[PDB]
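One chain comes next, on its own, written as structure tokens: the form deposited in one PDB entry.
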């Protein structure tokens, strides 16, 4: 019963030992029911859940929980807003969000973004990022474009063109269109087919290795992330989590958005994490994160 879940939330907030109940609730019920629960929460208590969570929680666990108890499309918009409004740009955030949402989800947030902010999502991103850097071109094309099915003939053409691109040092002028067309506009099915055609034709060489060769820095992250997401969203989740853990400390902001955006659907993340990085996800978590925050991240990713 919704009114009882409300009680469970209140108690998880008011007892130090019950904090992980917030994560259990988030993972155990569908989004529509969480949204409905929150409406009952305010009806009963007189305060919005968001404000309530803020009064009782702190630091990384607060930031994470606030993200989980939002409709996901609203979360995507807030992240994009947060990354662009005012001085500078959170480029990592934009890449993470834009490149890991399905085409229909992009259309949904274009519409929502305008309702929330009276701004065009595409315009906001282009204004902030420009259209010069390859990561910028990529996210612009995804922000304003569509992923459309194409004929096998087109895949065969593109195979030769991407190989050519991979073979030349640096992104050449005539290569820009190739990288953007494939990574911004291929459907998952077509991308998966090209991925297979490439390794078959080129003695087991991979598109992902070609991306590594061609790009550096944020460009390389962006194209690997688009690669992995098209190949399998669970791969992309593991890659983004690994990157967030990399180096001294870790990027809790990135861990939080990747986990809130993807835990629900990307159940194979832990499998891919171990397969690719050779260490169990929970073991990396153990050495990176502490306390209730670490326990939260491990539990959300547990299928």
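Positions refer to the first chain, counted from 1. Only the largest set of C-alpha atoms that superpose within 1.5 Å between the two forms is called the rigid core.
Absent from the display: the form deposited in another entry. The rest refers to it.
Just a single entry of 67, 53, 243, 234 exceeds or equals a 2 Å CA shift between this form and the one not shown, which is 53 (rigid core superposed). Core-superposed comparison between this form and the one not shown: the CA of residue 253 stays below a 2 Å shift. Here residue 273 does not count as shifted, since its C-alpha moves by less than 2 Å between this form and the one not shown after the core is aligned.
With the core held fixed, the Cα of residue 86 is displaced between this form and the one not shown by 2 Å or more.
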